[PDB]
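First up is the structure itself, then whatever we jot down about it.
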Amino acid sequence: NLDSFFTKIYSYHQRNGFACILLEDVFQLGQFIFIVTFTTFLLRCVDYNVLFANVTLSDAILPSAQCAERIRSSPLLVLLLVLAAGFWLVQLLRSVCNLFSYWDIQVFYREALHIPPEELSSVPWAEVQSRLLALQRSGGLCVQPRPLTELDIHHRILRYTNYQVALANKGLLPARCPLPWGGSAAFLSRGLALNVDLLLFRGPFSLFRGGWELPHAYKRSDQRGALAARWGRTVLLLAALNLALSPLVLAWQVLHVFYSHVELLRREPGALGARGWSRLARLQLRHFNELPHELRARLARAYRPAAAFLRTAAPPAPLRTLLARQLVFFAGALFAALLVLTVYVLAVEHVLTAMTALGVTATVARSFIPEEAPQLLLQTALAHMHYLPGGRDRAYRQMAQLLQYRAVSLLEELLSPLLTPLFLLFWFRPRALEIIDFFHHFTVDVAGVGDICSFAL
Amino acid sequence: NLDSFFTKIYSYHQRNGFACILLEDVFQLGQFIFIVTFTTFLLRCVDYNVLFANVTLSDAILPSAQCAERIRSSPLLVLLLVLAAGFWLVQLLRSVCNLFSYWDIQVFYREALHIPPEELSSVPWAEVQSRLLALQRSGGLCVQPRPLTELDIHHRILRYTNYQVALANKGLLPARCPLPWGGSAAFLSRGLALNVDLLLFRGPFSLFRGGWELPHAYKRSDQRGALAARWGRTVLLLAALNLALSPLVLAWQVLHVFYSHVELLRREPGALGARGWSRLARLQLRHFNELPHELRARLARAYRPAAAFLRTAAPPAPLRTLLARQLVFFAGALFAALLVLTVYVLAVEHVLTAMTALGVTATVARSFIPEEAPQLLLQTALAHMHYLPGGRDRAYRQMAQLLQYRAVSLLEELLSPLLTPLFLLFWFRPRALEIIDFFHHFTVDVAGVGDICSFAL
Amino acid sequence: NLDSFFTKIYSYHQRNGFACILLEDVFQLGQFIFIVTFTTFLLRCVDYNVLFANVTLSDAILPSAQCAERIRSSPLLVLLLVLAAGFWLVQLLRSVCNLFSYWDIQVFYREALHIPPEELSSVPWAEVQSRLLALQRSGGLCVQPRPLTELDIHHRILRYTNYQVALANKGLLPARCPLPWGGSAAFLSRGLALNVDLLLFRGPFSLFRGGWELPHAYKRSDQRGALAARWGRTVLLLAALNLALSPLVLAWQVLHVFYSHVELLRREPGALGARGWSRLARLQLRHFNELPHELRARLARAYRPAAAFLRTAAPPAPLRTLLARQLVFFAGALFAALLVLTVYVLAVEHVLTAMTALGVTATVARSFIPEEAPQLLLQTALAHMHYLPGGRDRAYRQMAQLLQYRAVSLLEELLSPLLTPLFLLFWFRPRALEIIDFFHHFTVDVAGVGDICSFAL
């Protein structure tokens, strides 16, 4: 695959180390096996009877034979374990193939250009482009008679991103299910994006089988209805497969988010209260022919002014402030009485029960209440915002939508498995013809590179 | 009352919602009833004998009959409760009158100008003035043949603030009892302000009976001595009344400040260490014909440079910091020994007693010690302060006086009931003739509006 | 001593108060007596038997006679105590001499210039110079026929600092023992500075006996070998003395740093993680003829931009952050399991043992991991840095070396007693002729002032 070569030469530098990639892979596999074995051990070896005393943990550990009969007790866990083992095996094989390819890629990189591994981090990736250009000037490889230039190098790596950006600009990709009382909703979890990628670009059932070029069948105008019907049955079967596979990935996501959330639960909610970017922003804010690293730099430099503009010109709300004041005072009065009682015997056994709950109410109330130039912040934010999707109300709502809250995004990820087939069935199938029309009328064929969207030029 | 109409049309917008006013009032009444009932319940239903164990709280609750004899046991509590009920019902009746008036005020507002309740928050109150102007141009009401101008609208609402600002800039209002060693003290608690308001502007014994016009009796030059004698009698009887009523309001203030302080006691003293504005600043630093909202906005904008100037250019103190260093080292050494003893049995039962005290000493010592352009901060503060009451020492002392500490202000509020009659007797009575002369020679009469201080123009 | 007069007149103002100096000294004496008595009391009066219960502390205190035979039990403690008492007596006598001289100089200061003690903090020390100049104009003292100028006044106080700055600029003074794998090491603990001061400038064995003029013997070219041999035997005997005295000063430093560290141990490591200046910076960054207060002010203003430049342009570390991510994820998983086990009996007695360790590992992992214009910061730092000792790698390494870590400096101070004779033996003795030549060829004699280094002019 011609595109895969450039994609891998980019990914090697972007992962700044071959050993880094190897460690990433091996420790990802070790991760997955750690979660599976630790969950099955906690659910299949831990005996609550001895622990609850209703003592050294080694003594509390039941003998291995008892674990043998206890794991024999249920057959469903055996099927779960064998499925997990098969998944681990297939990912292991794919990863071995990937690292086997990448080592030879790095060997070719060293032979062609001879940059030592310790010097890779110092290179700003512009000299990589310059060295590749000089390689074409010296005729290292016969990659077309006309030497490759910057636009072609960018296109051969970013064709799929260009199509996805154009399709999102048209407005079809972001889910826009109508809210009952009024408003627009957005749903761009990793599950939906993966489904779109498997449906459109990569895979055996993809329209772009291999992604080299658009097949001639879709150029014909008359066969569009038959091709739309074929796509309809394809999306129906894909939705059926996703619905079949939903519960297992749901459980996996539940375990992973449980670990991630309880890691931060002990820590202060300040990190939990922070807000990062969302995938909708990473989709609607990507210029044509743009690498991921430049996008990351732009959002990194635009993070602070956007946050300042968000927290400076928030719309006022009197009723919320009044209610917060009354709740915080009542919580404070109850805490006053309770603490005065507590200070002067430790054997109450009932006060300490409500102490934590009342303190939690006080802490949420204190942070919920508000306390004591929007135009300049908006201007300096838009200086890096570049594109953009009561005027102040609309602007604040849009800025809030483009920059979601962390727990909101995690809840979106958690709810993705259940919503995986529903949106595919309800939002894509009825509007089938116009997407095929968009591919038909917005594709441009060029010599050498091949298929490029008209919106890229 | 002509002034009351404009005052209420201002207050409706400033409370940004009729439902907001209704909820605030009803929940303030619920506030007071909750405080009284909870205090009397804790004093007359809590049984320390069973709770101290010398267990579910519901079991600890004594039967209602026993509470009946216990509340019957003392007659003083009955008088306290009946007085509280009388105060509650009087305030209830006043509040019902206020909300009944305000509902028809809002109805008239809707009929005249037709702004829905949701759109009130969006209006910057300038369009309110413009619409009222257009109403005069369209002849909505026959409020004098000459249409009302902006200065007149401001004056009819702000006459009392103008008089109070003039009287404060004369130097009479802020009580300035001399310190024994030296210096000037300022006392402007809410109690003294309420006393001045009840004496001068609002009430049956006020000089301004109704606040419409100055009575012609005070214009005569020959009667000034008799009028001063009458004012002396009035201030004596007012001081007697306030001295009679002092203990009950003192107890109420004690309860309220107890709740407020213990609400923040568990939280970090960072909020307790915060600095807020004082009423003396809100009186001396207020221009003529000035609305409360613009003053609040100006002080909100000027808050931060004032704090920066206060912290940057603090006067040096060698002896203070050196003694602080000694105390912090001694506390640290004692903490060292005590912790080393503690880490290696939990049954010491005497170490934990000194634990908290020594920790508190360490925490106060560490925060009390000092650690590593004043002109620019002073300039940017004075650019917003507009007015202003070793040069650096004098400037810093004035900036500290105009911006008090939170606990200092709360202590002033708590000490107000005892200080209520003392200052009225010792500070106002001897210098009555000059106050009478100030009212005599600083009032200018104009057509339509009426009585205006010469310092307003 | 002519120089001592100006040195004391500077130190009086720099310590901003005679009473301050007197109390600081008497509290330093009480300081040392407190450490010695408290340490010997804890080691020779505390009975672990009764306290461990294997109760009021007063009951736990053994009788005085018991402490009598318990201190009689071992003989070396008596020698330690008598040596400490003699050391305290020596410092007490020296301190009495210093305060006796300082009262006399303060009396002369009042008689000649008449500034009250309260006004000393107000003067910026420039008026002190002006008043002294006026004193020579009026002929108060016959200090040479030619009136004293600013340069001469600065030299008579800063001759030793000038020589030390020249020596450090030559590169000899800071020890630069070579690392085994490679790199440069710096060691400028107070012990080495005291040794070089006692060997070069102040002391009976100093080359500058009294610090008034350089002896004529060192000017002769032919005697340099014999003088170098004398210096070599002197450094050998000095190293022998320091090696003999090493253990006691080591123990004293251990006790002092123990108290200092355990004072901050309970507090958050934010103060422990703070960055402070190092003596190497205070040595290489000092211009010729600069007083200590000017240097302190310069670094006070340059502290912040240097810190910003340090935290902004840190070199990337892929392997470090990847390992940190893996460790923090594993620690979080173990913390998850431990916490969910703990939430639902307090009689476990084994989980709580690893609770603190696992939490500490999680905290160090989260603190260690990295998270999301260097040229401007470097420029604004160099604007105040004036002098200066992959270009970015070299610049960051220099900025890191020039500004050490706090705990690193304390560890350097702790390790100084063991390294005290080793560097003096290994680094100074072989290079003796070159240092003798350095004094010989860069000493300039001037009328009145006397000896000034060639690099001062």
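Letters for chains follow the order of the structure tokens (A, B, ...), residue numbers begin at 1 for each chain, and ligand numbers begin at 1 in the order shown.
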**Study point:** Near-range 49-62 of chain B list (9 Å; only C-alpha atoms; drop same-chain fewer than 5 positions) as number ranges by chain
**Key:** A: 344-345, 347-351; B: 67
Exercise for review: Determine, counting only C-alpha atoms, which protein, DNA and RNA residues have an atom within 10 Å of an atom of residue 370 in chain B; residues of the same chain fewer than 5 positions away are not included. Present the result as a list in words.
Suggested key: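 Contacts, with the query itself left out: residues 316, 317, 318, 320, 321, 322, 324 and 325 of chain B.
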Do you have, as JSON lines, the list of residues of chain B lying at most 9 Å from chain A, each with its nearest atom pair and that distance in Å to one decimal, counting only C-alpha atoms and ordered by chain then number?
{"residue": "B:15", "atom": "CA", "partner": "A:318", "partner_atom": "CA", "distance": 8.5}
{"residue": "B:16", "atom": "CA", "partner": "A:318", "partner_atom": "CA", "distance": 7.4}
{"residue": "B:17", "atom": "CA", "partner": "A:318", "partner_atom": "CA", "distance": 8.2}
{"residue": "B:19", "atom": "CA", "partner": "A:319", "partner_atom": "CA", "distance": 8.7}
{"residue": "B:20", "atom": "CA", "partner": "A:319", "partner_atom": "CA", "distance": 6.6}
{"residue": "B:23", "atom": "CA", "partner": "A:322", "partner_atom": "CA", "distance": 8.5}
{"residue": "B:24", "atom": "CA", "partner": "A:322", "partner_atom": "CA", "distance": 7.4}
{"residue": "B:27", "atom": "CA", "partner": "A:326", "partner_atom": "CA", "distance": 7.9}
{"residue": "B:31", "atom": "CA", "partner": "A:326", "partner_atom": "CA", "distance": 8.7}
{"residue": "B:35", "atom": "CA", "partner": "A:333", "partner_atom": "CA", "distance": 8.8}
{"residue": "B:42", "atom": "CA", "partner": "A:337", "partner_atom": "CA", "distance": 8.3}
{"residue": "B:51", "atom": "CA", "partner": "A:348", "partner_atom": "CA", "distance": 7.4}
{"residue": "B:52", "atom": "CA", "partner": "A:345", "partner_atom": "CA", "distance": 6.3}
{"residue": "B:53", "atom": "CA", "partner": "A:345", "partner_atom": "CA", "distance": 8.2}
{"residue": "B:55", "atom": "CA", "partner": "A:348", "partner_atom": "CA", "distance": 6.3}
{"residue": "B:56", "atom": "CA", "partner": "A:350", "partner_atom": "CA", "distance": 6.1}
{"residue": "B:57", "atom": "CA", "partner": "A:350", "partner_atom": "CA", "distance": 7.2}
{"residue": "B:121", "atom": "CA", "partner": "A:316", "partner_atom": "CA", "distance": 7.9}
{"residue": "B:122", "atom": "CA", "partner": "A:390", "partner_atom": "CA", "distance": 8.6}
{"residue": "B:258", "atom": "CA", "partner": "A:336", "partner_atom": "CA", "distance": 8.5}
{"residue": "B:259", "atom": "CA", "partner": "A:333", "partner_atom": "CA", "distance": 6.1}
{"residue": "B:260", "atom": "CA", "partner": "A:332", "partner_atom": "CA", "distance": 7.8}
{"residue": "B:262", "atom": "CA", "partner": "A:336", "partner_atom": "CA", "distance": 6.1}
{"residue": "B:263", "atom": "CA", "partner": "A:332", "partner_atom": "CA", "distance": 5.0}
{"residue": "B:264", "atom": "CA", "partner": "A:332", "partner_atom": "CA", "distance": 8.5}
{"residue": "B:300", "atom": "CA", "partner": "A:372", "partner_atom": "CA", "distance": 7.5}
Exercise for review: Mind the document's chain letters and residue numbers, and return as an MDAnalysis selection string the residues of range 154-211 of chain B that DSSP labels strand (DSSP E or B).
Suggested key: chainID B and resid 175 178 184 187
Check your understanding: So how far away is CA of residue 223 in chain B from CA of residue 451 in chain B, in Å?
Key -> 20.4 Å
Review point. Skipping near chain neighbours, those fewer than 3 positions away, what residues fall within 12 Å of range 82-86 of chain A using only C-alpha atoms, listed as a list in words?
Key: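 Contacts, with the query itself left out: residues 29, 32, 33, 34, 35, 36, 37, 40, 75, 76, 77, 78, 79, 89, 90, 91, 92, 93, 248, 249 and 252 of chain A.
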